[PDB]
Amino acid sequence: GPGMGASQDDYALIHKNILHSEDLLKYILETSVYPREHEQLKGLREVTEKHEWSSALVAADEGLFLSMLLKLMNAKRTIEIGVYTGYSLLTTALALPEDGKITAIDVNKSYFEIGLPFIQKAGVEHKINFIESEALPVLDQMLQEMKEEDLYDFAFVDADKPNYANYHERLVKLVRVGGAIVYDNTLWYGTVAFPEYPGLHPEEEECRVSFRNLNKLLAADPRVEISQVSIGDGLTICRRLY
């Protein structure tokens, strides 16, 4: 629509961190992440750092954490909403068993094709079913076709932030009981801690209010148990109770 530009350069928050020490974040990456990062994940991350929407790339220390959660809960079938160049997708495919299956949804296939060569070299492309679409229609169609035996073990939500609450209503019905839903960026550069935050691009302000709404909603939702973790840009782990 007509109006102002919504490029990455038009944002204000991209360089802000939720950790107060830039030396600490680099320590975590250099000490505990990069030595454990897959060769193809390193290649995908380095090309993505050059991309015009590099700020959306999931943090590498969060990637190792998502892989740990997948292995500890022995997830076999997952769904990812918001693929971009596919770092968390490749992280998920490497963590799942050899017969693991992933449904990856993103409106932009061109982003996915940048990281697909690294996904192929890692030899886990067969686990991924990419759907070039808006997520909400795909989710709604799934609820009409999904049976209880094929419910997802794990869901990673990382697409358009203001739509998280809408995705939530479908995903607690598409994720198995005891499964996990992980919402990315639920701390939104730390701006969620304030009733008002000046200097924001209108889209960043929308997610500040939408995440402040979502965090209250998730803390009051009886269908799930939650855990908000201050890793990366913040994330909220949801475990379905019924």
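Throughout, we count residues from 1 along the sequence that is shown.
Judged by mean Cα B factor in the deposited record, 138-146 ranks above the other of 120-128 and 138-146. The question of which stretch, 200-208 or 55-63, has the higher mean Cα B factor is settled in favour of 200-208.
Each of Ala155, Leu89, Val172, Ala95 has a CA temperature factor in the record; the biggest one is found at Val172. Per the PDB record, residue ranking by Cα B-factor puts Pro35 in the lowest third of the chain. Split the chain's modelled residues into thirds by C-alpha temperature factor. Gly43 is in the middle one. Sort the modelled residues of the chain by CA B factor and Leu151 lands in the highest third. In this PDB entry, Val83 carries a Cα temperature factor that places it within the lowest third of its chain's modelled residues. In the PDB entry, a CA B factor belonging to the lowest third of its chain's modelled residues is recorded for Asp233.
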